[PDB]
Each structure stands twice: as C-alpha cells, then as structure tokens.
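Enquirer: Got a structure for you, written out below as structure tokens; questions coming shortly.
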Amino acid sequence: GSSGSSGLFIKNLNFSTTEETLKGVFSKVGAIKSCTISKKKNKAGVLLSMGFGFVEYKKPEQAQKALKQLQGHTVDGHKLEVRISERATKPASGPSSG
C-alpha cells in the first residue's frame with residue numbers, strides 16, 4: 001500500500017554504451033537526479049558497464065514514465081530491460097558459457 005518511488009534498474013546494457021548517452025535518452029522524459037551504471041575495475045582498470053545500471057529521477061513520476069516509455073527503445077541494436085528499482089522480486093541472471 002504505497003505508490004511513489006525513485007530509481008530504475010536497467011539490464012542488457014551494451015558494454016560500449018556510456019553514461020552520457022544514457023542520460024540523453026532518459027533526459028527526454030525529464031530531469032535526471034542521478035545516473036550510475038554497474039561499472040567495476042577490470043584488468044585494465046577502466047570503468048566499464050556490467051550490462052546493467054541504475055537511473056534516478058527528480059520525481060517518482062518521471063521514473064514511472066521513463067520506465068515503460070523508454071522500454072522497447074532500440075538501443076545499440078539491442079533492447080534494454082527496465083525495471084522499477086527496489087522491487088521485491090530479485091533479478092535472475094543466468095550463465096553464459098557452457
């Protein structure tokens with residue numbers, strides 16, 4: 001019984017994709033409060049995405065819109081998975097090699 005929260009979880013983020021571009025695409029809906037993509041220090045030591053990130057908005061609404069509004073958008077030839085951050089259901093990340 002509570003509607004209204006900030007934050008957005010993204011998946012399938014092309015390693016090539018950057019924070020700048022992400023802000024632009026999301027900047028269409030409204031003013032972004034804070035954007036941070038899951039990036040770690042690799043062998044080289046460069047901040048590279050991990051295929052997912054977290055976008056924040058100034059108001060719950062904006063996030064509620066950009067959620068699906070941005071969903072389906074063909075980015076880098078691949079579609080991203082947008083979800084309402086802070087969701088009870090945990091993301092099931094399957095393996096790749098095998």
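If you're wondering about the labels, chains in the structure tokens are A, B, ... by order shown, residues count from 1 in each chain, ligands from 1 in order shown.
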Mind checking which residues fall within 12 Å of residue 67 (chain A), counting only C-alpha atoms, ignoring those fewer than 5 positions away in the same chain, and posting them as a list in words?

Expert: residues 5, 6, 7, 8, 9, 10, 25, 26, 29, 30, 54, 55, 56, 57, 60, 61, 62, 72, 73, 80, 81, 82, 83, 84 and 85 of chain A

Enquirer: Would you save the residues of that selection, restricted to N, CA, C and O atoms, as a CSV table (one decimal), in the first residue's frame?

Expert:
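After the write, out_3.csv holds the following:
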chain,number,residue,atom,x,y,z
A,5,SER,N,8.0,5.9,-5.9
A,5,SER,CA,9.4,5.6,-5.5
A,5,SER,C,10.3,6.0,-6.7
A,5,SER,O,10.0,6.0,-7.8
A,6,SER,N,11.6,6.4,-6.3
A,6,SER,CA,12.6,6.8,-7.3
A,6,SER,C,13.6,5.7,-7.5
A,6,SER,O,13.9,4.9,-6.7
A,7,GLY,N,14.1,5.6,-8.8
A,7,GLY,CA,15.1,4.6,-9.1
A,7,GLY,C,14.6,3.7,-10.2
A,7,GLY,O,13.4,3.4,-10.4
A,8,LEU,N,15.5,3.3,-11.1
A,8,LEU,CA,15.2,2.4,-12.2
A,8,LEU,C,16.4,1.5,-12.6
A,8,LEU,O,17.5,1.9,-12.8
A,9,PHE,N,16.1,0.2,-12.6
A,9,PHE,CA,17.1,-0.8,-12.9
A,9,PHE,C,17.1,-1.2,-14.4
A,9,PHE,O,16.0,-1.4,-14.9
A,10,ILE,N,18.3,-1.1,-15.0
A,10,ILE,CA,18.4,-1.4,-16.4
A,10,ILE,C,19.3,-2.7,-16.6
A,10,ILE,O,20.3,-2.9,-15.9
A,25,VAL,N,19.0,9.8,-23.5
A,25,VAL,CA,17.8,9.1,-23.8
A,25,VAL,C,16.8,9.2,-22.7
A,25,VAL,O,15.6,9.3,-22.9
A,26,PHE,N,17.3,9.2,-21.5
A,26,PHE,CA,16.4,9.3,-20.3
A,26,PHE,C,16.1,10.7,-20.0
A,26,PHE,O,15.1,11.0,-19.3
A,29,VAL,N,12.5,12.1,-21.0
A,29,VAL,CA,11.3,12.1,-20.1
A,29,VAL,C,11.3,13.2,-19.1
A,29,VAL,O,10.3,13.9,-18.9
A,30,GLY,N,12.4,13.5,-18.5
A,30,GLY,CA,12.6,14.6,-17.5
A,30,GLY,C,14.0,14.8,-17.0
A,30,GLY,O,14.9,14.2,-17.5
A,54,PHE,N,21.7,1.7,-12.9
A,54,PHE,CA,20.7,2.3,-12.1
A,54,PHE,C,20.5,3.8,-12.4
A,54,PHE,O,21.4,4.6,-12.2
A,55,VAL,N,19.3,4.1,-12.8
A,55,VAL,CA,18.9,5.5,-13.1
A,55,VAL,C,18.0,6.1,-12.1
A,55,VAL,O,17.0,5.4,-11.7
A,56,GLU,N,18.2,7.3,-11.7
A,56,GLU,CA,17.4,8.0,-10.7
A,56,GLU,C,16.7,9.3,-11.4
A,56,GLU,O,17.3,9.9,-12.3
A,57,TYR,N,15.6,9.6,-10.8
A,57,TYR,CA,14.8,10.8,-11.3
A,57,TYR,C,14.6,11.8,-10.2
A,57,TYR,O,14.6,11.4,-9.0
A,60,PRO,N,9.3,10.7,-8.6
A,60,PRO,CA,8.8,9.3,-8.8
A,60,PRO,C,8.1,9.2,-10.2
A,60,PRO,O,8.2,8.2,-10.9
A,61,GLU,N,7.2,10.2,-10.5
A,61,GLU,CA,6.5,10.2,-11.8
A,61,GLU,C,7.4,10.0,-12.9
A,61,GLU,O,7.4,9.0,-13.6
A,62,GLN,N,8.3,11.0,-13.2
A,62,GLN,CA,9.3,10.9,-14.3
A,62,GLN,C,9.8,9.4,-14.4
A,62,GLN,O,9.8,8.9,-15.5
A,72,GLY,N,11.6,-0.9,-24.8
A,72,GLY,CA,11.4,-1.2,-26.2
A,72,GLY,C,12.3,-0.4,-27.1
A,72,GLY,O,12.5,-0.8,-28.2
A,73,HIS,N,12.8,0.7,-26.6
A,73,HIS,CA,13.7,1.6,-27.4
A,73,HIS,C,14.9,0.8,-27.9
A,73,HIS,O,15.7,0.3,-27.1
A,80,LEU,N,16.9,-3.0,-24.0
A,80,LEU,CA,17.3,-3.0,-22.6
A,80,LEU,C,16.1,-3.4,-21.7
A,80,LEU,O,15.0,-3.2,-22.1
A,81,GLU,N,16.4,-3.9,-20.6
A,81,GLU,CA,15.4,-4.3,-19.6
A,81,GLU,C,15.3,-3.4,-18.5
A,81,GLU,O,16.1,-3.3,-17.6
A,82,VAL,N,14.2,-2.5,-18.5
A,82,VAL,CA,14.0,-1.5,-17.5
A,82,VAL,C,13.0,-2.1,-16.4
A,82,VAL,O,12.0,-2.6,-16.8
A,83,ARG,N,13.4,-1.9,-15.2
A,83,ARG,CA,12.5,-2.4,-14.1
A,83,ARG,C,12.5,-1.4,-12.9
A,83,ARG,O,13.5,-0.6,-12.7
A,84,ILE,N,11.4,-1.3,-12.2
A,84,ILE,CA,11.3,-0.4,-11.0
A,84,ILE,C,12.2,-0.8,-9.9
A,84,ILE,O,11.9,-1.7,-9.1
A,85,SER,N,13.4,-0.2,-9.8
A,85,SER,CA,14.4,-0.4,-8.8
A,85,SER,C,13.7,-0.6,-7.4
A,85,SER,O,12.6,-0.1,-7.2

Enquirer: Find the residues near residue 52 (chain A): any atom within 7 Å, counting only C-alpha atoms, skip ones fewer than 3 places away on the same chain, and give them as JSON, numbers by chain.

Expert: {"A": [10, 11, 12, 13, 37, 38, 49]}

Enquirer: May I have the selected residues written with C-alpha atoms, as a PDB file, in the first residue's frame?

Expert:
ATOM      1  CA  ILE A  10      18.403  -1.446 -16.393  1.00  0.00           C
ATOM      2  CA  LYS A  11      19.689  -4.697 -17.890  1.00  0.00           C
ATOM      3  CA  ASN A  12      21.356  -5.812 -21.123  1.00  0.00           C
ATOM      4  CA  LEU A  13      23.491  -2.670 -21.326  1.00  0.00           C
ATOM      5  CA  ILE A  37      25.877   2.190 -14.128  1.00  0.00           C
ATOM      6  CA  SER A  38      27.262  -1.011 -12.611  1.00  0.00           C
ATOM      7  CA  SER A  49      29.482  -1.216 -17.540  1.00  0.00           C
TER       8      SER A  49
END

Enquirer: Between CA of residue 16 (chain A) and CA of residue 39 (chain A), what is the spacing in Å?

Expert: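 It comes out at 12.0 Å.
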
Enquirer: For the atom pair CA of residue 18 (chain A) and CA of residue 43 (chain A), what is the interatomic distance in Å to one decimal place?

Expert: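 Rounded to one decimal, the two atoms are 18.9 Å apart.
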
Enquirer: One decimal, Å: what's the distance from CA of residue 77 (chain A) over to CA of residue 33 (chain A), could you say?

Expert: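 Separation of CA of residue 77 (chain A) and CA of residue 33 (chain A): 26.7 Å.
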